[PDB]
């Protein structure tokens, strides 16, 4: 595809009175998950979730296991620090989420990097786009920001994101080339569903596509139907492809005023669909 991403997603959830926090880590290349770690699982190892990652030698699995376990410990500590910063009790359950990653172009060049945290579902701290300073969302987060400024955490993360992250992504793309580079276009069709004598639903379907990025829109007389479109979230089929549909309620007899529009990287050209009885 024209650009690619490598992303890791970390979730810690405290369990007061039931031991250490639940810690789940998942790694993705674009929309394809390739590793996982789960503190509840018996192996206590980073585990493969895509076939091409099993091409990695044993050094890899040992090293990635060491890092994700160290990460779990740090975010465990992080949950505690946050309780103190926010003056919250030890009785409540809380969530700490962390994401990082890099985007690179099809030319192999770095586009952007991310390194950011959320606490109980709200932005806590994030590396800004220029990778040189931090967006801290509230008073607590300024303490962390001052701490990370003094230790030059931004420079360490910039070096990681522009270096190892990109190197890793390129290597994964090579090893998983046969699947990771595909841009399968959506198979599209439209269905018609009468609601009454006055109205019917037109539903535009996109099926079998990868990557998940897609634009599915309705127009009426060449005009955006943004505030009258029912648009579901892009959803996994389970077999490595994605699905989406968009629908509009149209007055009987007015079907031909409507067109469905489909943009997807796999398409030679954007699609315009009409109801063809």
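Numbering follows the first chain given and starts at 1.
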231 to 239 versus 246 to 254 - which carries the larger mean C-alpha B factor in the record: 246 to 254
Between the two ranges 70 to 78 and 194 to 202, the one averaging a larger CA B factor in the entry: 194 to 202
Identity of residue with top Cα B-factor, from 65, 32, 39, 219: 219
Relative C-alpha B-factor of residue 209, binned into the chain's lowest, middle or highest third: lowest
Residue 124 - Cα temperature factor, lowest/middle/highest third of chain: lowest
CA B-factor ranking of residue 60, expressed as a third of its chain: highest
Residue 160 - Cα temperature factor, lowest/middle/highest third of chain: middle
Modelled-residue ranking by C-alpha temperature factor, third containing residue 180: middle
